[PDB]
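Along the sequence shown, the residues carry numbers beginning at 1.
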Amino acid sequence: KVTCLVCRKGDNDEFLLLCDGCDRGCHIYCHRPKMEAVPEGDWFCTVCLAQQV
Ligand SMILES: [K+]
Ligand SMILES: [Zn+2]
Ligand SMILES: [Zn+2]
């Protein structure tokens with residue numbers, strides 16, 4: 001179900017970041033700036049960042 005925002009594939013799911021604000025995702029290797037690992041705690045996608053104040 002989860003696909004990457006940048007490349008639109010849902011493969012290599014161990015490399016797939018999952019947004020804590022919605023159901024969107026992103027391969028760590030697709031992200032810019034460089035992300036060498038899935039972080040702990042919370043990651044927010046760009047659509048969620050746009051809802052912050
Ligand atoms: K939300
Ligand atoms: Zn990707
Ligand atoms: Zn999100």
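- Listed here is the closest heavy atom pair of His27 and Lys9: CE1-O, 3.5 Å.
- By the 4.5 Å heavy-atom criterion applied to side chains, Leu5 and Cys45 are counted as neighbours.
- The number of heavy-atom neighbours closer than 6.0 Å to CD of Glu36, taken from other residues, nucleotides and ligands shown, is 12 or below.
- The backbone N or O of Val6 lies less than 3.5 Å from no partner atom in the side chain of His31, so there is not a single donor-acceptor pair.
- Of the inter-residue distances, the one linking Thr3 atom OG1 with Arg24 atom CZ reads 10.0 Å to the nearest 0.5 angstrom.
- Judged as a ring pair (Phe, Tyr, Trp, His ring centres under 6.0 Å), and not counting sequence neighbours, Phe44 has no contacts.
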Identify all side-chain donor-acceptor contacts of residues 12-20 below 3.5 Å with residues at least two apart in sequence or on another chain.
| residue | atom | partner | partner atom | Å |
| --- | --- | --- | --- | --- |
| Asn12 | ND2 | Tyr29 | OH | 3.0 |
| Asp20 | OD2 | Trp43 | N | 2.9 |

